[PDB]
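Before any comments, here is the structure.
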Amino acid sequence: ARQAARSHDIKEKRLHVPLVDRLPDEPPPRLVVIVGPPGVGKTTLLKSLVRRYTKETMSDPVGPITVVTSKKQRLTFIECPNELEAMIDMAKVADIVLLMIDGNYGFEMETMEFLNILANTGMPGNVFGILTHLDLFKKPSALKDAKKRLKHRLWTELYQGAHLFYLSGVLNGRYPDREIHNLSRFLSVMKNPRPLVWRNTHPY
Amino acid sequence: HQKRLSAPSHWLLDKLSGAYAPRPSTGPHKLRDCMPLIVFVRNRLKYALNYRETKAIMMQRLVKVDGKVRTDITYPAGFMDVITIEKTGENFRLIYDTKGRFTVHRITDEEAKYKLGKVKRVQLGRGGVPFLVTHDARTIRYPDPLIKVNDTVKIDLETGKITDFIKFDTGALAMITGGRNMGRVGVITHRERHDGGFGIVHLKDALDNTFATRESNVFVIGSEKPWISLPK
Amino acid sequence: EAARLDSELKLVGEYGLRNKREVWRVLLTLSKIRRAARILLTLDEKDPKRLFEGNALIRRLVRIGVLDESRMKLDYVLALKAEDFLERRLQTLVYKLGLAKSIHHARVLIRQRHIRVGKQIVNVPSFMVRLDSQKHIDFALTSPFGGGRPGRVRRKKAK
Amino acid sequence: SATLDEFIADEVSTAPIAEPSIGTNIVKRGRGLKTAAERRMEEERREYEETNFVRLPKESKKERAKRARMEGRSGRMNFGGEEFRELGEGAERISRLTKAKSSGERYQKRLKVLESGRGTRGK
RNA sequence: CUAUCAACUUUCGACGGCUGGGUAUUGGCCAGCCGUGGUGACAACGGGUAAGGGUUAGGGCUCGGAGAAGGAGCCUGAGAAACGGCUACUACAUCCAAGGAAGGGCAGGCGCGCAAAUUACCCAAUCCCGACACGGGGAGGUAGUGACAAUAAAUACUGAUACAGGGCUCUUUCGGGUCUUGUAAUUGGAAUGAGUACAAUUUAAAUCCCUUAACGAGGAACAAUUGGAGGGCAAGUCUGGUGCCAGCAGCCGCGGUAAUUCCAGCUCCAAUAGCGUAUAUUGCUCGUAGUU
RNA sequence: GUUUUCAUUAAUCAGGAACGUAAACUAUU
Ligand SMILES: Nc1nc2c(ncn2[C@@H]2O[C@H](COP(=O)(O)OP(=O)(O)OP(=O)(O)O)[C@@H](O)[C@H]2O)c(=O)[nH]1
Ligand SMILES: [Mg+2]
């Protein structure tokens, strides 16, 4: 009987509200935005992502950058500059978000501001926390304590059990290629975006 | 690559030699009836610590078994093989005890010069010459013509010459090398033929305890004459 | 129920434990020992099982100091009480030996590492002090009551 | 036979038992207390450490989980310094072991009384 | 385990003996020749698929068929019908200058549009393989996460002074009982571990553990939670009605946001680093088989 | 009732067989 209770509770977790999809068979590139406080290296993460993806050493990558990642779907990266106008625009347009956190320095008003703006306008498809500046630690006890309390505060911010990756060093001015490889492993195989009513009623 | 517990329980390893245990290499003695040289050095004697240390010691010509230098790490040395170490100048011999475990004994050169080996069998070799097979897998050409199966031979170990022999005899003292009563030094009192396989001897101790061991496991040491220095 | 509530509160206050969780823990081990004594009384007298097991149990209880050395019978092993276990607790033993002014003073002393049991210091106050170990409870050698440095606030006042 | 053995060593055999000093059987600032068995095990472990003076790795996940499942399955408890055991197959072993180890003058007096007569007929 | 399995084998020879072939060797294992069998109610044969041994006080411990896209054939080697290779067919897939060429496994993520344990480090020890002390090891250990549990226990300890006279309780209530209780009062003491951290140690390198110098407590903080019960309020709002009553309630009031210091932190209950909620729940007579 | 016999022949009922306008106060004791 308890198997029936578990099955019923899983199905009652499975249900939703039936919203309209409106996605074409030739899907546009999904929007990956990179949002963080000033001086955390969202441009450097953009450089290292596009190098893992298309093997091109961009010296100064600006504006949207389109990359093909599967034979079926393709992404495009946009770093947000440090102005709240760009933050609100890209927040209301985003689909998957890489939220950068400056490690030892802890959370920042830019991060919490963007998180609340995002959740108020519309909770996008995927959000991942990336945590940098972990070479700037002297005791690994302090390192793992900061990692644990930042993961907990971030979970309480968005939801229980979000993905939070950690990027340790700055090797070639690029990133650890293994670190960004598992990051790209997470953001490669993708699902259809969450069908929000504003993006599915207006053309952008 | 067996586990430490599945290794035979009479060459001892404590609870800290890891989950593994070495297997003996191929050689004269049998697999179950062997003590490998690394276990003899670093587990029983503790003249070293590590596998690499034992590798270095065995690599330089420093450990001699049965009068010959042995190079490799896991050379088997099962039973009554003298182990001369010259930098300490000691000689070690492997006997059992009453419980049935390997026991090491210290000896000088006079008793270390010779070995006592049980005769496995005897035949005629190529050329029409009688040859003699010990349990040490040693073959002696041109033996004494009285040395039958299950005899014992005192061996020179320097020229391999047959120095002496001891006869299988009721009324002789023996040592057991197998069976459920393994390692019980006592006197042979009776032999039972049972023609058709697995003849038995009845062997009592020096102190009134009778038991039945088989001839294959029986290992004649001497009538009284304990030609090797048993530990006191 | 009000009876269980006021009883647990009386135990807590007169021996200033932290919570009824600790109270229920002592009640649980008391119940297990009392049950073992009950089974041994279910056996009959002069049976070797009851004789040896009951003698062992009484010797353990005496050697940890709960049962008095006068009475050594299984009826009194049944009459053993959680009040007796809490009297054997370490915190109440500091307060009774008189190193502390109050039971909570004993609790905070044991927390911030001033007393020792024998040779090593003791950080926990739910320690069950044995009768052989009771006499050696004193201030540690690194505590400002025992010696060592004059301490933190004394340092800041001397500066 | 454990209670039997402790009984022989404590009330029978004429030899003092080695009691450790009071502040040495404390593991981690009073969190637990080393019983006699774990104490002897620690001493054997330290003797192995000094035998060939090689350091030992502090216990791994396998052996730790094994002793954890053994304490989860066992019927012992460490209330104070002494160990308490359940009352089953140990007591039955005590019973089995105890059963197995259990497996010419009155003529002269009468003549003297008969020869002597009464002194008081009946008051 | 079963007769809702009593006949089975000779339907790939079933039982022999003789003769050879092949195999490392014996052998109906196979080819000739002839003989007549062999198994079974003491349970053959069939059917069901739910596929233990040793080490003995105990538990523990140890040991235990078919295939590498699919048939078929071949090759080396002490040991393989290796799936390692090749050969042809079939089924796929890739590059191209359209003449041609090479190739097939496991691990990870999603599997709703909504979710939760690393893509970690080294052969350092035990062990294995080599021309060989030195080379190489996907067993092995080291590390990281966890409120699913389970274990231990911080968030404060103790004085002095001044002032107020009530604090509490009940069966029986315009009624009883008991006597030291408080304060957003004023000052004094000491103790320190979370944390910060020079080092040294640990170790393959690190961490953890043990050592350990120096810092590190006054509430407006080094900032305890989750539920339940209950009181007090306006120049406010709403609703009922034989004036002022009653009820629902009440962040919302005239102004004022650098303005206010207000019940200044309302009171009580329970668990307390845990706790709460939902749901499931805990006509009569004879007569056969059958029965006594 | 007998100054009558046979000595378990017995009991029970699956299955089965023979007989066929209404209701409306209610081991003993
Ligand atoms: N050691 C260390 N340095 C980092 C790390 N991340 C970023 N940096 C340095 O910090 C700088 C941050 O630069 P960006 O990441 O480009 O800043 P941005 O927001 O992306 O672009 P800007 O608008 O120019 O600030 C980089 O140039 C790096 O040199 C890190 O994780 N570790
Ligand atoms: Mg940028």
Whole-Å semi-axes of segment C:12-159's equivalent ellipsoid (Cα gyration tensor) = 39, 16, 10
Karplus ³J(HN,Hα) for segment A:20-37 (6.51 cos²θ - 1.76 cosθ + 1.60, θ = phi - 60°; Hz, whole; x = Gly/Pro) runs 6, 7, 6, 10, x, 6, 9, x, x, x, 6, 8, 9, 9, 10, 10, x, x
Measure nothing but the geometry: give the 0 to 90° angle between the long axis through the Cα atoms of C:20-42 and the longest principal axis through the Cα atoms of chain C, rounded to 10°.
-> 30 degrees
hull vol. (C-alpha, convex hull) per residue for the protein assembly as shown, Å³ -> 500 Å³
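Counting pairs of Cα atoms in segment B:70-167, how many percent are more than 17 Å apart?
58 percent
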Please compute P(r) over all alpha-carbon pairs of chain B, binned at 10 Å starting from zero, and give each bin as a whole-number percent.
-> 7, 30, 35, 22, 6, 0
Extending each Cα 7 Å along its Cβ direction at C:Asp44 and D:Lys101, get the distance between those two points in nm, one decimal.
-> 2.3 nm
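Are there trypsin sites (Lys or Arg not before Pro) in segment A:1-104 that DSSP marks as loop and that have at most 14 other Cβ atoms within 10 Å, and which are they?
A:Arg22, A:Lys55, A:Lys71, A:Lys72
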10 Å Cβ neighbours from other chains, averaged over peptide D:78-91 | 6
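Note down the magnitude of the dipole of segment A:90-204 about its Cα centre, charges +1 on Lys and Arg C-beta and -1 on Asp and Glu C-beta and zero elsewhere, to the nearest 20 debye.
So the magnitude is around 380 debye.
As an exercise, identify the trypsin sites (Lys or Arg not before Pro) in segment B:160-197 lying in DSSP coil whose Cβ has no more than 15 other Cβ atoms within 10 Å. Present the calculation step by step, with values, prior to reporting the outcome.
Working: sites: B:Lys161, B:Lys167, B:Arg180, B:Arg184, B:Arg191, B:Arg193; in loops: B:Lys161, B:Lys167, B:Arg180, B:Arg184, B:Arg193.
Answer in residue order: B:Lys161, B:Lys167, B:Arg180, B:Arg193.
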HN-Hα couplings for segment C:80-86 via Karplus (6.51, -1.76, 1.60; θ = phi - 60°), in whole Hz with x for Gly/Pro, come out as 4, 9, 5, 4, 5, 4, 5
Hey, rough spin-label estimate for B:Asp97 and C:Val124, points 7 angstrom out along Cα→Cβ, what's it come to in nanometres?
-> 4.0 nm
Rounded to the angstrom and largest first, Cα extents along the principal axes for segment C:1-99 equal 43, 37, 17
Farthest toward positive dipole pole in segment D:1-65 [+1 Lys/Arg, -1 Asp/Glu at C-beta], among D:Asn52, D:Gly30, D:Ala18 = D:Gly30
Loop-located chymotrypsin sites (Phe, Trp or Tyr not before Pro) in segment C:94-159, at most 13 other Cβ atoms within 10 Å (DSSP) = C:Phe145
Of C:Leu78, B:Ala137, B:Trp11, which is farthest on the positive side of the dipole of the protein assembly as shown, counting Cα position, with +1 on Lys and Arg Cβ, -1 on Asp and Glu Cβ, and the Cα centre as origin?
-> C:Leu78
Take the Cβ-Cβ distance between A:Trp155 and A:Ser184 as r, set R0 to 35 Å, and report the resulting FRET efficiency rounded to the nearest 0.05.
-> 0.90
The convex hull of the Cα atoms of segment A:73-204, divided by residue count, gives a volume in Å³ per residue of 129 Å³
Please get the size of the charge dipole for segment C:30-159, origin at its Cα centre, with Cβ charges of +1 on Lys and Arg and -1 on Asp and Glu, quoted in debye to the nearest 20.
-> 1220 debye
Added length on full extension, which subtracts the Cα-Cα distance from 0.36 nm per residue, A:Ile10 to A:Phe128 = 40.0 nm
From the Cα gyration tensor of segment A:52-129, with a ≥ b ≥ c the square roots of its eigenvalues, which class applies: rounded if a/c is under 1.5, or else prolate if a/b is larger than b/c, or else oblate?
-> prolate
Shielding by partners - mean other protein chain Cβ count within 10 Å, residues of C:46-55 = 5
Projected-area mean, segment D:5-123, by convex hull of Cα positions, square nanometres | 21.1 nm²
Using the Kirkwood formula over every pair of different C-alpha atoms, what hydrodynamic radius in Å results for segment B:1-126?
-> 15.5 Å
Dipole of chain A, positive end: most advanced residue of A:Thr201, A:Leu131, A:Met90 [Cβ charges, Cα centre] = A:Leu131
Cα-centred dipole magnitude for segment C:101-159, charges only on beta-carbon of K, R (+1) and D, E (-1), debye, nearest 20 = 520 debye
For segment D:41-87: rounded, prolate or oblate by the Cα gyration tensor [a/c cutoff 1.5] | oblate
If a/c stays under 1.5 just call it rounded; otherwise compare a/b with b/c (prolate if a/b is bigger, oblate if not). Do that for segment A:1-79, with a ≥ b ≥ c from the square roots of the Cα gyration tensor eigenvalues.
-> prolate
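Readers should treat all values here as calculations from the given coordinates under stated rules, not as data from a laboratory. Methodologically, a virtual Cβ is constructed for each residue, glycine included, from the backbone with ideal geometry; neighbour enumeration extends over all protein chains shown.
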